[PDB]
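These values consider heavy atoms only, across backbone and side chains, with no hydrogens, waters or symmetry-generated copies. Protein chains get the first letters and strands the later ones, always in sequence-line order, with residue 1 at the start of each.
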2 protein chains.
Amino acid sequence: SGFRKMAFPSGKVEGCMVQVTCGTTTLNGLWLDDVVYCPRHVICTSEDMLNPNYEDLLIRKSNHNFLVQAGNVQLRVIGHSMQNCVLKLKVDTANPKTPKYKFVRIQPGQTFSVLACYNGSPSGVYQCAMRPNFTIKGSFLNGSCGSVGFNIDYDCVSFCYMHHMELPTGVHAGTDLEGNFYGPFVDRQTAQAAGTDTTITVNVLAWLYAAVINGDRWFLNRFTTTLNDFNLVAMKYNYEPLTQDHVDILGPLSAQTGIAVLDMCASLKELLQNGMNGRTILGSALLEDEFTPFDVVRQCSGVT
Amino acid sequence: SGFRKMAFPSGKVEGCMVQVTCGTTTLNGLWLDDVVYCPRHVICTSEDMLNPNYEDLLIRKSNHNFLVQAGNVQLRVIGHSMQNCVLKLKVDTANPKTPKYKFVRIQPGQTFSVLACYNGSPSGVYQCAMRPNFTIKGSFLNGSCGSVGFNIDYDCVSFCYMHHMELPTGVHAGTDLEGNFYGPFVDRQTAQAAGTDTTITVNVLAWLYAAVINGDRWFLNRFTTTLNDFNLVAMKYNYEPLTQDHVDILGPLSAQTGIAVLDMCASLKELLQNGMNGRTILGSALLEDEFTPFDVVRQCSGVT
Ligand SMILES: Cc1ccncc1NC(=O)[C@@H](C)OC(F)F
Ligand SMILES: Cc1ccncc1NC(=O)[C@@H](C)OC(F)F
């Protein structure tokens, strides 16, 4: 009973967080095996960020200029390299707490947990989604860079995000663990406007299924629709177009509840056209889009 | 930038989770030092829950009937005792992962993180509040009992909740770590209706301050009110009465933003009387009450 915005247990990731300092800049690093991964803007001063030439700034840095501290003990840096927008600091000690891990590049609409950190220390964990405009709506203050996003499948941590930037609009941008930014964002203090933040339709439908499973059913109606008809409404409301791949992914939830995907699409269509009328669904007064169909199945079944 | 429903990093608590089995019932235990704490209804079969006599059911159980497994290794039970609604299983090995800890009994309106577990294994972490009717709105399926709620102050984990029951209305009830239920709930499968779920006024005001700090300011108005005037409106909307103690606790947020507590109360009064008018605050279309003023300061400052 009950449905919550749940993050993955963060222990496996907490054991990887380190502090990285270069000159006067301090941010977070991710220590896996004998490598520490961190944003390359650790080599920048606040003034360098306006127009940084990372290759030129890196020439002035040696291994001893990157101070890496894991808790209260210092790690010895024996090598450094820049891969896209991340720095890889080879250290002389493999992290004894390294979990089984993978680096994945997620698609927009996919969810992940963030372990927000400051100075190598974890402050909290929350669940968010990669928006269709490749931004995330996080909670990051100065010093949180290098905090990571991840998913966990049993004992394997799939790292998908590393925090780099706060856009002037208060939204966040970052990279995968190969240092490639999600979206068109760059690690420069310049005008970078995000595109339309459209709603993740397949996730809203997954969340409506979770609501039916947990008892909130008022929004179920006597109607059905087609993909093309639903999509005309979705376009009008800045919702992502629903495809047959999305319908297929909702198959298990449709099977468990006995509510055809297109019937749920018709419930969603009426909610878009008529609003909630002062009512709530799973404690929310708007349509939630940060639960994937996989998240709904996982939570509704008790996967550990 | 940004404000999220953030849970504490769960690592320190993950290291304490064990599985406890008695007969055919399996739930979660909390292993601290050489004691494993778990709900006493681990000794019950589903049929026993209708009218259990815990003292009588416990007489038929010996140390060897409580199977405690931490990961893949079995713990030897050398003693057992019932304290209120929890069982304390003395084991022969102190948990090497025992963090610095305290057992606290929280007040309604206070928030905490829950590490949802099944079979001694963590599934996820979320933040919730002890409701004014002493229930929590969690996400717990069968097998989640013994999952705990906690707060963390630097390196000390303050355990405040242990999950025991799902009320027929889908809300949750449990105990503190001394085994005393929050509210009037009992560990019996019987009619237990919750009282009015009133809104935690001081937390809504704290969250309005967080919204102003993060840029959402549309709801600020040209009005002020008094405690008695605000409280007439609060009564009408099932909001908890605001006291001078609540005003005092909001002092730091009032000082940081320059918005007097009574002016914020007047903004809240207009939001209650006029609604949001299709608008949102911090991504929510309703007034959020599960952030305490301490949570807002912590998140807005970067406490680790
Ligand atoms: C302040 C802040 C708050 C939260 N996240 C990141 C940042 N920091 C940045 O965006 C820096 C790295 O770039 C800036 F130079 F444009
Ligand atoms: C099913 C379930 C789901 C989530 N939490 C707890 C329970 N379980 C109970 O409430 C049991 C312990 O009492 C019942 F007998 F009244």
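Between chain A and the residues B:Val114, B:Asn119, B:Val303, B:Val125, the largest count of heavy-atom pairs under 4.5 Å involves B:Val125. Contact tally against chain A (heavy-atom pairs below 4.5 Å) for B:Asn214, B:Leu286, B:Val13: the top residue is B:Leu286. The candidate from B:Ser301, B:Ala116, B:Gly215, B:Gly138 with the greatest count of non-hydrogen atom pairs under 4.5 Å with chain A is B:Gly138. In terms of non-hydrogen atom pairs under 4.5 Å with chain A, the most contact-rich of B:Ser139, B:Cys117, B:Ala285 is B:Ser139. Counting heavy-atom pairs closer than 4.5 Å to chain B, the top residue among A:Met6, A:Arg4, A:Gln127 is A:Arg4.
By the ring pair (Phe, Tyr, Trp, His ring centres under 6.0 Å) test, B:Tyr209 pairs with no residue at all, sequence neighbours left out.
At least one cation-pi condition fails for A:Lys5 and A:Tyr126: the charged atom is not both under 6.0 angstrom from the six-membered ring centre and inside a 45 degree cone around its axis.
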Distance-only criterion, 3.5 Å: show the donor-acceptor pairs between side-chain atoms of residues 164-171 of chain B and protein atoms not counting sequence neighbours.
| residue | atom | partner | partner atom | Å |
| --- | --- | --- | --- | --- |
| B:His164 | NE2 | B:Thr175 | OG1 | 2.9 |
| B:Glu166 | OE2 | A:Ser1 | OG | 2.6 |

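Heavy atoms of A:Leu115 lying under 4.5 Å from chain B belong exclusively to its side chain. Neither the backbone nor the side chain of B:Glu288 comes within contact range of chain A; no heavy atom of the residue lies under 4.5 Å from a heavy atom of that chain. For a residue to count as touching a neighbouring chain, one of its non-hydrogen atoms must lie under 4.5 Å from one of that chain's; by this rule B:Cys300 touches chain A with the backbone only. Both the backbone and the side chain of B:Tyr118 have a heavy atom closer than 4.5 Å to some heavy atom of chain A.
Side-chain contact between B:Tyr101 and B:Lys12 is absent, with no heavy atoms from C-beta onward closer than 4.5 Å. B:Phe112 places none of its side-chain heavy atoms less than 4.5 Å from the side chain of B:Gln110. A:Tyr237 has its side chain within reach of A:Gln273: a pair of non-hydrogen atoms, C-beta onward, lies under 4.5 Å apart. Between B:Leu253 and B:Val296, some side-chain heavy-atom pair lies under the 4.5 Å cut-off.
Residues of residues 274-284 of chain A placed with any heavy atom under 4.5 Å of a heavy atom in chain B are listed by number as A:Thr280, A:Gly283, A:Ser284. At a heavy-atom separation below 4.5 angstrom, chain B is approached by no residue within residues 143-159 of chain A.
The one candidate from A:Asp289, A:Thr198, A:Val233, A:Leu287 that meets the side-chain contact (heavy atoms from CB on, under 4.5 Å) condition with A:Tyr239 is A:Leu287.
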- After noting the C-alpha distance and the side-chain angles of B:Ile136 and B:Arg131, does the key distance pass the side-chain contact (heavy atoms from CB on, under 4.5 Å) rule? CA-CA 6 Å; B:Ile136 72 167; B:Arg131 298 313 304 171; 5.6 Å; no

- Task: Check the pair A:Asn203, A:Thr292 against side-chain hydrogen bond (donor to acceptor under 3.5 Å, both in side chains), reporting the backbone distance first and the verdict last.
- Result: CA-CA 5 Å; A:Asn203 291 5; A:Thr292 64; 5.4 Å; no

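Annotation for B:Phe181: atom CZ counts as buried by contact number, over 12 foreign heavy atoms lying within 6.0 Å. Crowding of A:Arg298 atom CZ: a count of heavy atoms from other residues, nucleotides or ligands under 6.0 Å exceeding 12. Around atom CZ of B:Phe219, more than 12 heavy atoms belonging to other residues, nucleotides or ligands sit under 6.0 Å away.
Put simply, OG1 on A:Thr98 and CG on A:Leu32 are 5.5 Å apart, with the number rounded to the nearest 0.5 Å.
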